[PDB]
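Chemist: Let me begin by handing over the structure; questions about it come next.
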Amino acid sequence: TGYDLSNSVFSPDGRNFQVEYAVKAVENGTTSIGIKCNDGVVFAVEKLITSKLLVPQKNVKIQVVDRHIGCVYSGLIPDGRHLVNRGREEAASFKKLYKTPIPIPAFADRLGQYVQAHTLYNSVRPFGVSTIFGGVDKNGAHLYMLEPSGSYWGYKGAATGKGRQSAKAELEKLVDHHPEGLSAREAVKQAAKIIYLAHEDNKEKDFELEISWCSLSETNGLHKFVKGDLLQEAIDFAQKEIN
Amino acid sequence: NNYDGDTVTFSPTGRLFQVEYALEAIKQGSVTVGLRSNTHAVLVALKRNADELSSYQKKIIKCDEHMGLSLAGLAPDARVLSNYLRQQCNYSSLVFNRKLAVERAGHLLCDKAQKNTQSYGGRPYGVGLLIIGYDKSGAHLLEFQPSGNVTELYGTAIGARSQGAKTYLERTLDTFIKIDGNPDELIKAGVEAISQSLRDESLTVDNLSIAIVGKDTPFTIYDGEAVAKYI
Amino acid sequence: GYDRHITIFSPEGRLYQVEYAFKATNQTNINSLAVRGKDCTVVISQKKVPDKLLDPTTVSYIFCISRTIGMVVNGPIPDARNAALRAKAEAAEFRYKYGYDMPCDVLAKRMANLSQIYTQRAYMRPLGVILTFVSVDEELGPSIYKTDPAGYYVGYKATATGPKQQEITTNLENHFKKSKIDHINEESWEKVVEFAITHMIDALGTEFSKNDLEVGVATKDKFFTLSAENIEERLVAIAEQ
Amino acid sequence: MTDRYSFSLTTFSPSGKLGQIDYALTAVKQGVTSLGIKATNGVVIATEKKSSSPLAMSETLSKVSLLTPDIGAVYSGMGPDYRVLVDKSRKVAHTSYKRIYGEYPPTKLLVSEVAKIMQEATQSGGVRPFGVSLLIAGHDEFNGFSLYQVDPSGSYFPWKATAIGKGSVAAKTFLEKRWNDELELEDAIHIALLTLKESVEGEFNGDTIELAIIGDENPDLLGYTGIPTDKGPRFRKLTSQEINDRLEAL
Amino acid sequence: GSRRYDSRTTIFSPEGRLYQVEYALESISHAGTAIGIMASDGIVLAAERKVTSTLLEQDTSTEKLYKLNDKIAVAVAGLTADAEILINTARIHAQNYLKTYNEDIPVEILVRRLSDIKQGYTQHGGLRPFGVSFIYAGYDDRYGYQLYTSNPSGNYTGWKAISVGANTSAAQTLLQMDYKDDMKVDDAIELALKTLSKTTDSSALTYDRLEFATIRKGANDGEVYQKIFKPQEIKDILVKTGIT
Amino acid sequence: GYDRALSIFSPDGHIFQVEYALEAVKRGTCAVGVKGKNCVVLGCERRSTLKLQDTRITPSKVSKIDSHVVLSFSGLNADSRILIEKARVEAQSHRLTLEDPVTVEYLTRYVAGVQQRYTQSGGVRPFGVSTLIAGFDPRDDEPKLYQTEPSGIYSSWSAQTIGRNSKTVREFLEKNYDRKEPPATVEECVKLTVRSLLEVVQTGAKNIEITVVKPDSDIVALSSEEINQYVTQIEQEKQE
Amino acid sequence: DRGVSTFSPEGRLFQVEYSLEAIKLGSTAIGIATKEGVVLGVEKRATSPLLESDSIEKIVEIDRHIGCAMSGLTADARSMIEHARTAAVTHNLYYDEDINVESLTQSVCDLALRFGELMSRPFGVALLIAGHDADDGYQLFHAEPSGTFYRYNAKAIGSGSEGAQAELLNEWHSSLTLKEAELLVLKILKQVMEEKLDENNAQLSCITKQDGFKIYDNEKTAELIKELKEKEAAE
Amino acid sequence: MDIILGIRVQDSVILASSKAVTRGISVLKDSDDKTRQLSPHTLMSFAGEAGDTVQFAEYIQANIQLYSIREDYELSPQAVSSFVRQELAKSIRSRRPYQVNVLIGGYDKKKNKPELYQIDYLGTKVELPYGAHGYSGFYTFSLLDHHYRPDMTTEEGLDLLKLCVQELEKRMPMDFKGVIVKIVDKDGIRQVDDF
Amino acid sequence: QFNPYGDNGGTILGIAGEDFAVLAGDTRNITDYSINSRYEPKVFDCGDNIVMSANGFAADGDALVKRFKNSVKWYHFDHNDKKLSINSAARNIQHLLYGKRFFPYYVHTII
Ligand SMILES: [Cl-]
């Protein structure tokens, strides 16, 4: 054997074991989710409070790309940052040449091709992150999830990390119970609940909630962080549901 | 085992062993402590010597008038990273006439360390850094790890037996955070914190190394007879 | 045995990495089919959306390479999209350099040559995909050309790809033995799509709803994919006969 | 990133063997039989069209390829490797000769250039040898008609007649009995078809056999008139019908 | 990364030998024998073709003996493809020298440069060496008639008579026995053929399995002529010495 | 470009590639250097398994780097040519910029530097060669003899030998060479050099090469008969 | 095989650790720093008696105010010295002043880790860099291939280093004169050396503010050796 | 730099080269040797742009000396002249060409014949019985056409050369401070100290 | 054609005493016959008790002062906070200026 020692090597199955090993690093990471709504998207993430010494609200994990796209990820945090840095370069060169801000499907492929490129050679390592991202463009709202292999699809809801299965189950219920659609302000509240429910799979250390959102009506199509009263309102909603 | 030959290889459980071995170099390094209030930020570092005839390895490096760090692990790697920080702080000043934010400083270090963990041939940095600074949003303390992970904290410690000082700061959190407009008392708290990581050896005049930055205080380092006050 | 890790010859004159790339082709567990009419070329593929959370509109293995050329892929989506982007760029550059739309068979050859390079050069791995290109060429008429990881390519009267490819292949073979011709003798593309779906149903032995299929159609001067309602309309016609 | 394979993947073993070349020759052995026969007034090259599927159109896949108007090529082994060699062989005929001398290269020199390309794949960094053996038939004014074989090593040999691939051992024996120095082109085509029937198993007709000649000039295939010195290509691919005519009087 | 698959072609063994060079020499030892004999009034180059087939075109063939310029020729032993790469380089080097100095290149200078190229492949670049041994036969106005040999190591030496390829041990003993310094070309022709005839692995030595060439001053007055023997000319010289 | 680090450290602190390059030197034919009061003599072994050689055209073992400096060697012959070429170029380059020929120490230092560079450069192996560099500095009558080796270290020697069975001939020179009184004349120096080679060589026929270098670019190579006279004289004195 | 810039499980670079083993095989070099100057001494260690020992150059001048002693694979030190000399002269050109001993050492140590897959391996040589400047006065540095340098009051490197270092621990005090330091280097060298110490197989040097860096003659060292033997017999 | 002459006679080549080095309105030196020995039996005189002349001459000298050491053999004057021409032929299409004109006087030991080559900065080579560069030729060529014979001795060549220098000293505008004369023959190169 | 230089006028003056030194300069900035600023300082404290002024083309003058100020900063980093002597600063400035020998800073510098 030895097929798993090098990246870009096909096993006799037709599999790239190095990419599958990168997925294990993603599964080890904290829970992050994405919820598509009526006129936008909502992102949320679990931040494990390792110590009292961590400054609250000052270790921001969700990242903005351009002014209209939000990105969140689970797994190796530095690898995620590298991917977002690339995303920003891709989005900048698109706007430079074509004037209009990069569409979300267009942006999704730019990351997809970049991550896929890191499965082509043995001189590079696959990305150790699954990235949930999306935003609002001319064609409306889009939510995507990108994996170490370079595989991505559009999603109604998306989840990844240690509590992905708990979050996926909770996401599936929302899709069933809301066929006509979910509102932006509702999706923020739901996002909080799902993170709190997904925290049951990581309950040794207590955690800190972080939410962001893009909405055509609520945020005027731009990416913003949920803070202050709207954040505390979402936390209280989540606290009430676990009890 | 079979997956630790280079940084480009993942283990079956999704681990990067070369990055973990680089992390191990920090644990062997001498203890250093970081802590801050709202007005000032302090670095305290236990320096290490080869023998009685040798000097004590300098742990603290200045990056700008408002920023600097302490190191633990491979000193040459700290020199490379601190030099990079000096250039980035300097680029921010020349081009934008703007003091570099301590948060951006961390982001830049994270991205520089990351590139070394995804490419063949290179190696991870073998050093941990505690960056302190005072910028437009007040005092700051960062912890850099060569995996790429940077974390903003009220207080922390890295190196050998750093758990003792880290526990102390976790207890003292409410006290030292409110030491505002009083440099000497914030240092005292940091010196008492690093003392919880000592075994058999005590803090002497050419052993202790302290640095401070704050509201009306540029980043300055204290060594020799200047730290005799705090023993 | 490092001769099985990179693209160099084994003692028996084989490239195991190329052979294993062929097995990656069936990783998605999707069967595709392509046939030619008089005026058109129709390609159909299974569409499997297992996760309920997925946006089904974004789940696709058919690509519009140029205005005239379409491409369906059998294999993992990252490699599929990799091939799709390259083919689009190649088709665009061809038009710019040579002043006319890149033919289907020329694009197939170009992508096949690229695939060949990966089988000879060590640092590049083969793509684990089989690319089926379709168009109505202005010189050669209705065209089906298929590429694989080995760098092999050839024109087809009709073709099928996937896990149950052989069952579909013989089903089509037996039809062309009977009809005595190289194509589907049919005027409208609508009925050629109906033929394609009907013969896939017979070969695979499964029934299809509107969301279980994905259809691409090539006519003169344009290639286009069908919506769910376009396919549903097509499924109704089959059931009513 | 970047191609880090700057070292040879083909190296000498203790016994003195170049493993990858030997293994490339093994791949050629597995390949379908092809042959070439040289006559007094022409050359014939032929091979079986092994179809991957009956749905596949075997006309689109050309095993016999024109390199120059007076030079043709056929192979045994890996088809994709052959295809890219033909592309490189056609281009090198222009870049390293026609663009310099204003005329097409003689057979031996074009063969030499192809051999050079195949040799480099044997020694250059991060590549395997080509998994094919070529048979190159051609004509030029000063050397007349000629037939060459080119191996994965980059070695080439001129032949009166030969065969490569699956049933080459038996085919070469058959050609030894039938070949003489007084053979006319039509006689060589007849012998080629006889030799090839032995190795072919399934259908044997103009649709499953690919055969081309290097013979007289073809003014009708030139595409224009007005220049007396330009008399047309000596390379001609025999049609499916033309083959079947000769299979009746077999 | 790619380190895993590197053969490391340019390294020493514990004994201080170059693995790849040694294995390349082992390869060459299975190649058809080539003999060079230097006489007072010329040089002979004789070489045995590798197991010939009856349908091989013999007259329009070149496997062993190659012309570098009007005054210098080489006999090859090993991979032919490798040899042709080196031959074209040698041909170009000779023309560079002529272009620069308006004088034909001295034999040793050409040999040294070609040997220096081989040396390079054993010390750096990570590539396999050229699996080729040459016998250089040439003339210049400094040293007159000269025979050299080079091998994959890039080491070259001068000779009065020398063999490369297969059965060199047996061949060198026979040459050492019958060679003498006041020898003529016609005598050297006979020695070359007799040596091959005894060391050959074939049943009997025939015209179709040989390549032959001479470098005489047999032209008209103080000038050198290269004669690459035709098939019929080899047939005649084989009968004339009483081998067939 | 080929980058591989071929020369690297081992757990015990050795660079095996450099040490294996020394084994190649140990395989090479013996070479000896002896410096007298007003001269230096370079002796060299030539193995006698090679008959039917052409000694006119065969590369000589001792090479002139400039008109006043010579270089002999032991080890891989092909490798030695590269060092000699580089040294010859540096010799002319020094004359061009400094307007003065190289000192023997400088030329040695350069060659040694080249050998060292190949011990910590990527993609290359060390030179399988040790050299003896001898000559006289410009406008100087003090004899110079230096030795280099694959690692890159170099040093000056009153007398030294390298190559196969060099430990035997070094043993001979260590008791026969007096520091307080070196060979006063050319004849004495050549004789001691020939004597030392006769401990190892076999026969004193066409196996020994001798090259004598004297001050002010006075270098000459001895012929067979001239060397044979020393061999004949030494053997007659030995039978005692 | 394995990467050149690889970490061990303990968190050390394999190649750097292996180069340190090569340095232990090297000949002994000792340095002692005083308020009157810095002394540097080395074991020459000739491999054979025919080798002219005066050509063994293991003590080296970098500038007038900075000297250098080496131990290990001494051939590797040539490019380090070349760099140091250039750095020292270049700084004088840019700033019209002598360069600090520490700054010079730092410049040399920057080369150390510039290896990988830059040069192919670390240096197999340790350096003792001694000098003087106006700011920090007389200084002695130990530059390793790890890229690390420590300042020392006294330091021994090479095969007899651990034995010599233990001896320097006891003998060194802050009021040592230059003459006392010279004898102390000779004393400790004679203890750890295999062959018997004399003027031909051992070499002394020093750096003073007044006269700069000077390598001692064999005549001068011989008298210090004779003075040393007499003083030990005197009690 | 200004006056360089060359005369090939029966058994030797004689090169004469002016001693003056002028910059502006000042004769900086009056004892300059405008020649370099390329090999024991080959001598090259030069004239042209300041700096370029010596830089080129020494560069050629180094290359020829390198060849001599490598092969332990002296290149023929014909071979050296061809090498020099090629270097100038490269130079003329460079970013900054060597503006140097040369005469190469040599004795071929294999042919036992003297040889004189005239090469200008463009790389224009000609073998001649007598040669000159610059304005010198406008006087000396017609003079030598008249007085030169092919079978002359070295002494006759020197008298013929004196006749040229006298004519130049009479009719040339600039003071070139006399000439350094050198002879190239079978015994090598030597300088005439009293001219 | 684009002319990369300009003249911003003004004048500067440096005098040295026994235990002190002055560096004066007017605060006027001009182009052609127009006044740009009545108060635009061009005499700067560069640290280590060194004052500097680069008068002429202001853009080049500002760039130079900016580079020297930065040179002082890095001198401290690289040489253990050593004070840059006036003579050392002068030599450093020579290299800054001569570094652009073939596209000069059009300024008259005084420290
Ligand atoms: Cl192509």
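Residue numbers start at 1 in each chain; chains themselves are named A, B, ... in the order of the structure tokens; ligands are numbered from 1 in the order shown.
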With only C-alpha atoms as the counted atoms, please give the residues lying no more than 10 Å from residue 75 (chain E), apart from itself and same-chain residues fewer than 3 positions off, as a PyMOL selection string.

Modeler: chain E and resi 33-36+45-47+63-67+83+133-137+149+163-164+211-213

Chemist: Please dump the current selection as a tab-separated table (two decimals), in the first residue's frame; keep N, CA, C and O atoms.

Modeler:
chain	number	residue	atom	x	y	z
E	33	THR	N	30.30	-5.53	-30.13
E	33	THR	CA	31.70	-5.16	-29.98
E	33	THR	C	32.12	-4.16	-31.06
E	33	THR	O	31.71	-4.27	-32.22
E	34	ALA	N	32.92	-3.17	-30.66
E	34	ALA	CA	33.51	-2.22	-31.59
E	34	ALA	C	35.01	-2.15	-31.34
E	34	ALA	O	35.45	-2.06	-30.19
E	35	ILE	N	35.79	-2.21	-32.42
E	35	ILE	CA	37.25	-2.22	-32.33
E	35	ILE	C	37.84	-1.04	-33.10
E	35	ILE	O	37.39	-0.72	-34.20
E	36	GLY	N	38.84	-0.41	-32.50
E	36	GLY	CA	39.64	0.62	-33.17
E	36	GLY	C	41.10	0.21	-33.16
E	36	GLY	O	41.63	-0.18	-32.11
E	45	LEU	N	38.37	1.39	-38.09
E	45	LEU	CA	37.23	1.24	-37.18
E	45	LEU	C	36.36	0.09	-37.66
E	45	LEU	O	35.84	0.11	-38.78
E	46	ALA	N	36.20	-0.91	-36.80
E	46	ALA	CA	35.38	-2.08	-37.10
E	46	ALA	C	34.37	-2.26	-35.98
E	46	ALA	O	34.70	-2.09	-34.81
E	47	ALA	N	33.13	-2.61	-36.34
E	47	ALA	CA	32.07	-2.79	-35.36
E	47	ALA	C	31.08	-3.86	-35.79
E	47	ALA	O	30.76	-3.99	-36.98
E	63	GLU	N	24.29	2.39	-37.52
E	63	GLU	CA	24.07	2.01	-36.12
E	63	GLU	C	25.31	2.27	-35.25
E	63	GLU	O	25.19	2.75	-34.12
E	64	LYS	N	26.48	1.94	-35.79
E	64	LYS	CA	27.73	1.92	-35.03
E	64	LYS	C	28.68	3.07	-35.36
E	64	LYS	O	29.20	3.73	-34.46
E	65	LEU	N	28.91	3.29	-36.66
E	65	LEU	CA	29.91	4.25	-37.12
E	65	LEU	C	29.29	5.57	-37.56
E	65	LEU	O	28.43	5.59	-38.45
E	66	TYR	N	29.74	6.67	-36.95
E	66	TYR	CA	29.22	8.00	-37.26
E	66	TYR	C	30.36	8.98	-37.55
E	66	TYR	O	31.44	8.89	-36.98
E	67	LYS	N	30.08	9.92	-38.44
E	67	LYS	CA	31.05	10.92	-38.88
E	67	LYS	C	30.83	12.21	-38.08
E	67	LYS	O	29.72	12.74	-38.06
E	83	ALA	N	23.71	8.02	-27.94
E	83	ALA	CA	24.89	8.35	-28.73
E	83	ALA	C	24.61	9.49	-29.71
E	83	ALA	O	25.43	10.39	-29.87
E	133	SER	N	29.58	4.25	-24.75
E	133	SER	CA	31.03	4.33	-24.84
E	133	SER	C	31.42	4.58	-26.29
E	133	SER	O	30.90	3.94	-27.20
E	134	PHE	N	32.33	5.53	-26.49
E	134	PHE	CA	32.80	5.88	-27.83
E	134	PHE	C	34.22	5.38	-28.07
E	134	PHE	O	35.01	5.25	-27.14
E	135	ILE	N	34.52	5.10	-29.34
E	135	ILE	CA	35.90	5.02	-29.81
E	135	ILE	C	36.06	6.15	-30.81
E	135	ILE	O	35.42	6.13	-31.86
E	136	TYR	N	36.90	7.13	-30.49
E	136	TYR	CA	37.16	8.25	-31.40
E	136	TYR	C	38.34	7.91	-32.29
E	136	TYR	O	39.41	7.56	-31.79
E	137	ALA	N	38.15	8.02	-33.60
E	137	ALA	CA	39.23	7.87	-34.56
E	137	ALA	C	39.33	9.15	-35.37
E	137	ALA	O	38.36	9.57	-35.99
E	149	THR	N	39.05	6.64	-26.30
E	149	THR	CA	37.77	6.10	-25.84
E	149	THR	C	37.24	6.91	-24.68
E	149	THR	O	38.00	7.37	-23.84
E	163	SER	N	39.20	-1.97	-27.81
E	163	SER	CA	37.85	-2.49	-28.05
E	163	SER	C	36.88	-1.96	-26.99
E	163	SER	O	37.28	-1.70	-25.86
E	164	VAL	N	35.62	-1.79	-27.38
E	164	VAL	CA	34.55	-1.47	-26.44
E	164	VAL	C	33.34	-2.35	-26.70
E	164	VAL	O	33.21	-2.95	-27.77
E	211	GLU	N	29.90	-3.21	-39.60
E	211	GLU	CA	30.16	-1.85	-40.08
E	211	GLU	C	31.66	-1.62	-40.04
E	211	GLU	O	32.33	-2.01	-39.08
E	212	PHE	N	32.18	-0.99	-41.08
E	212	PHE	CA	33.62	-0.85	-41.24
E	212	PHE	C	33.97	0.54	-41.78
E	212	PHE	O	33.23	1.10	-42.58
E	213	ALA	N	35.09	1.09	-41.31
E	213	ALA	CA	35.55	2.39	-41.79
E	213	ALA	C	37.04	2.58	-41.58
E	213	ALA	O	37.61	2.08	-40.61

Chemist: Check every residue of chain E for an atom within 10 Å of chain C, counting only C-alpha atoms, and provide those that qualify as number ranges by chain.

Modeler: E: 1-2, 4-5

Chemist: With only C-alpha atoms as the counted atoms, please give the residues lying no more than 7 Å from residue 25 (chain F), apart from itself and same-chain residues fewer than 5 positions off, as a ChimeraX atom specification.

Modeler: /F:74-75,128-130,163

Chemist: Since we have the selection now, will you write its residues out, keeping N, CA, C and O atoms, as a PDB file, in the first residue's frame?

Modeler:
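Result went into result00.pdb, see below:
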ATOM      1  N   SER F  74      44.732  12.500  -6.946  1.00  0.00           N
ATOM      2  CA  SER F  74      44.349  11.097  -6.808  1.00  0.00           C
ATOM      3  C   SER F  74      42.835  11.014  -6.693  1.00  0.00           C
ATOM      4  O   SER F  74      42.218  11.817  -5.993  1.00  0.00           O
ATOM      5  N   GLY F  75      42.243  10.044  -7.384  1.00  0.00           N
ATOM      6  CA  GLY F  75      40.798   9.839  -7.354  1.00  0.00           C
ATOM      7  C   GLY F  75      40.199   9.780  -8.745  1.00  0.00           C
ATOM      8  O   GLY F  75      40.838   9.304  -9.686  1.00  0.00           O
ATOM      9  N   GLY F 128      35.331  13.633  -6.014  1.00  0.00           N
ATOM     10  CA  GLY F 128      36.057  12.441  -5.576  1.00  0.00           C
ATOM     11  C   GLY F 128      37.534  12.580  -5.888  1.00  0.00           C
ATOM     12  O   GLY F 128      38.113  11.738  -6.571  1.00  0.00           O
ATOM     13  N   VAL F 129      38.139  13.653  -5.380  1.00  0.00           N
ATOM     14  CA  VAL F 129      39.502  14.035  -5.741  1.00  0.00           C
ATOM     15  C   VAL F 129      40.211  14.726  -4.576  1.00  0.00           C
ATOM     16  O   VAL F 129      39.637  15.591  -3.915  1.00  0.00           O
ATOM     17  N   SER F 130      41.455  14.327  -4.333  1.00  0.00           N
ATOM     18  CA  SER F 130      42.376  15.080  -3.485  1.00  0.00           C
ATOM     19  C   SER F 130      43.536  15.521  -4.362  1.00  0.00           C
ATOM     20  O   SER F 130      44.015  14.749  -5.193  1.00  0.00           O
ATOM     21  N   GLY F 163      46.284   8.877  -2.287  1.00  0.00           N
ATOM     22  CA  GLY F 163      45.878   7.784  -3.171  1.00  0.00           C
ATOM     23  C   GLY F 163      45.986   6.422  -2.515  1.00  0.00           C
ATOM     24  O   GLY F 163      46.052   6.321  -1.290  1.00  0.00           O
TER      25      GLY F 163
END

Chemist: Tell me which protein, DNA and RNA residues are within 7 Å of region 190-204 of chain A, counting only C-alpha atoms, leaving out same-chain ones fewer than 6 positions away, and put them as a PyMOL selection string.

Modeler: chain A and resi 44-46+162-163+166-167+170+234-235+238

Chemist: Tell me, as an mmCIF file with N, CA, C and O atoms, in the first residue's frame, which residues lie within 8 Å of residue 167 (chain E), counting only C-alpha atoms; anything in the same chain fewer than 4 positions away does not count.

Modeler:
data_model
loop_
_atom_site.group_PDB
_atom_site.id
_atom_site.type_symbol
_atom_site.label_atom_id
_atom_site.label_comp_id
_atom_site.auth_asym_id
_atom_site.auth_seq_id
_atom_site.Cartn_x
_atom_site.Cartn_y
_atom_site.Cartn_z
ATOM 1 N N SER E 29 28.433 -3.440 -21.806
ATOM 2 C CA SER E 29 29.105 -4.732 -21.988
ATOM 3 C C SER E 29 28.268 -5.766 -22.753
ATOM 4 O O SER E 29 28.800 -6.788 -23.178
ATOM 5 N N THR E 33 30.298 -5.532 -30.128
ATOM 6 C CA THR E 33 31.702 -5.162 -29.985
ATOM 7 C C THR E 33 32.118 -4.160 -31.061
ATOM 8 O O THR E 33 31.710 -4.270 -32.218
ATOM 9 N N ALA E 171 38.856 -9.690 -26.459
ATOM 10 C CA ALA E 171 39.274 -8.910 -27.625
ATOM 11 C C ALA E 171 40.585 -8.171 -27.387
ATOM 12 O O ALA E 171 41.440 -8.123 -28.269
ATOM 13 N N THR E 199 35.971 -13.307 -31.304
ATOM 14 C CA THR E 199 35.245 -12.845 -30.112
ATOM 15 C C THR E 199 33.729 -12.769 -30.300
ATOM 16 O O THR E 199 32.996 -12.629 -29.323
ATOM 17 N N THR E 200 33.264 -12.847 -31.546
ATOM 18 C CA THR E 200 31.829 -12.771 -31.843
ATOM 19 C C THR E 200 31.030 -13.869 -31.137
ATOM 20 O O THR E 200 31.523 -14.984 -30.954
#

Chemist: Set the distance at 12 Å and use only C-alpha atoms: which residues neighbour residue 109 (chain D) once local chain neighbours fewer than 5 positions away are removed? I'd like the list as number ranges by chain.

Modeler: D: 71, 89, 92-93, 96-98, 104, 114-116, 136, 138-140, 143, 146, 148, 156

Chemist: Filtering to N, CA, C and O atoms, could you give me those residues as a compact mmCIF listing (two decimals), in the first residue's frame?

Modeler:
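See out.txt below for the written result:
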# COMPACT_ATOMS: atom_id res chain seq x y z
N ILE D 71 5.30 11.55 -46.31
CA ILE D 71 5.63 10.68 -45.17
C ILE D 71 4.39 10.35 -44.34
O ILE D 71 3.61 11.23 -43.99
N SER D 89 5.59 15.56 -34.14
CA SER D 89 6.32 15.16 -35.35
C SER D 89 5.98 16.06 -36.53
O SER D 89 6.86 16.42 -37.32
N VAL D 92 7.59 19.62 -35.74
CA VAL D 92 9.06 19.64 -35.84
C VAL D 92 9.52 19.58 -37.30
O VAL D 92 10.58 20.10 -37.65
N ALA D 93 8.72 18.94 -38.16
CA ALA D 93 8.98 18.92 -39.60
C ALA D 93 8.98 20.33 -40.18
O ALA D 93 9.72 20.61 -41.12
N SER D 96 11.91 22.85 -37.52
CA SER D 96 13.32 22.49 -37.62
C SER D 96 13.76 22.11 -39.04
O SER D 96 14.88 21.63 -39.23
N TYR D 97 12.90 22.32 -40.04
CA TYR D 97 13.28 22.01 -41.42
C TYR D 97 12.60 22.87 -42.49
O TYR D 97 13.29 23.60 -43.20
N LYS D 98 11.28 22.77 -42.63
CA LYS D 98 10.59 23.45 -43.73
C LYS D 98 10.70 24.98 -43.66
O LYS D 98 10.85 25.64 -44.69
N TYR D 104 10.06 19.97 -47.52
CA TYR D 104 9.81 18.98 -46.46
C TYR D 104 11.06 18.13 -46.21
O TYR D 104 11.85 17.91 -47.13
N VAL D 114 11.91 12.62 -34.46
CA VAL D 114 10.93 11.91 -33.63
C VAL D 114 11.65 11.07 -32.59
O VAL D 114 11.25 11.04 -31.42
N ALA D 115 12.70 10.38 -33.02
CA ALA D 115 13.56 9.59 -32.14
C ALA D 115 14.15 10.44 -31.01
O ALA D 115 14.22 10.00 -29.87
N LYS D 116 14.57 11.66 -31.35
CA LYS D 116 15.14 12.59 -30.38
C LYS D 116 14.12 12.92 -29.28
O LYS D 116 14.48 12.96 -28.10
N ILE D 136 7.39 4.31 -39.66
CA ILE D 136 7.30 5.50 -40.49
C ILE D 136 7.73 5.18 -41.92
O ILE D 136 8.89 4.86 -42.17
N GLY D 138 8.00 6.59 -45.89
CA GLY D 138 8.15 7.86 -46.59
C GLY D 138 8.98 7.81 -47.85
O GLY D 138 9.67 6.83 -48.13
N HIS D 139 8.89 8.90 -48.62
CA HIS D 139 9.65 9.07 -49.86
C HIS D 139 10.29 10.45 -49.91
O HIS D 139 9.71 11.43 -49.44
N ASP D 140 11.49 10.52 -50.48
CA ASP D 140 12.11 11.80 -50.81
C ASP D 140 13.01 11.63 -52.04
O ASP D 140 13.42 10.52 -52.37
N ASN D 143 16.76 9.93 -51.55
CA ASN D 143 16.80 8.62 -50.89
C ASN D 143 15.75 7.63 -51.41
O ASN D 143 15.82 6.44 -51.09
N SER D 146 11.47 4.62 -48.38
CA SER D 146 12.10 4.07 -47.18
C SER D 146 11.08 3.78 -46.08
O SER D 146 10.01 4.39 -46.02
N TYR D 148 10.97 2.95 -41.76
CA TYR D 148 11.71 2.97 -40.49
C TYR D 148 10.84 2.54 -39.32
O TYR D 148 9.64 2.77 -39.32
N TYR D 156 16.12 3.80 -33.83
CA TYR D 156 15.40 3.57 -35.08
C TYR D 156 16.22 2.75 -36.08
O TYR D 156 17.44 2.90 -36.17

Chemist: At a cut-off of 10 Å, using only C-alpha atoms, what residues contact region 33-37 of chain I? Leave out same-chain residues fewer than 4 positions from it and give the result as a VMD selection string.

Modeler: chain I and resid 8 to 9 27 to 29 41

Chemist: Please produce an output containing C-alpha atoms for each residue in the selection, written as a compact mmCIF listing (two decimals), in the first residue's frame.

Modeler:
# COMPACT_ATOMS: atom_id res chain seq x y z
CA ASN I 8 9.75 74.58 -4.44
CA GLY I 9 12.07 77.45 -3.52
CA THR I 27 8.70 78.24 5.99
CA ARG I 28 7.60 79.43 2.54
CA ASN I 29 6.71 76.86 -0.15
CA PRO I 41 8.29 73.24 7.79
